[PDB]
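The chain below stands alone and is given as structure tokens, in the form solved without this ligand.
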């Protein structure tokens, strides 16, 4: 029941989880993926309704349902916390630069 479509996606909170598990696992290990430092804090602000408690961790979401491993994952990105939850589904969808925005 895709609930988070990043323009060209279809991974509801059920799909995000998978992506999160990645961000978390690596997070719980304190490791990163790629040349960047993901996951990492994402202290929302743009106006995200994260039905989760902080801190919020931003992580990329692979439309393939895999675990990112680079610096440039894509517009599609999942946000969570240190609990194993999901903040939502952000995307570089013309967010107006490097800004993020909850997918559709």
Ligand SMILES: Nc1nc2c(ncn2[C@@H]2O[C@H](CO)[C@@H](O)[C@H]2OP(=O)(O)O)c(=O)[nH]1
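Numbering follows the first chain given and starts at 1.
The form solved in complex with this ligand is left out here; the points below concern that form.
> Given this ligand as it appears in the bound PDB entry, superposed onto the chain shown via the C-alphas lining its site, indicate whether the pocket is open or blocked by backbone or C-beta atoms at a 2.4 Å cut-off with 3 or more atoms counting as blocked.
The site is open here, because this ligand, transferred from its pose in the bound PDB entry, meets no backbone or C-beta atom within 2.4 Å.
> My question is simply whether residue 99 lines the interface with this ligand in the bound PDB entry - judged by any non-hydrogen atom within 4.5 Å.
Contact check for residue 99: yes, within 4.5 Å of this ligand in the bound PDB entry.
> Examine residue 66 and determine whether its closest non-hydrogen atom to this ligand in the bound PDB entry is within 4.5 angstroms.
Flag for residue 66 set to no.
> Going by a heavy atom distance of 4.5 Å, is residue 31 a contact of this ligand in the bound PDB entry?
Output for residue 31 is no: heavy atoms all beyond 4.5 Å of this ligand.
> Can you name the residues of 37-70 that have a heavy atom within 4.5 Å of this ligand in the bound PDB entry?
Contacting residues: 38, 40, 41, 42, 43, 44, 45, 46, 58.
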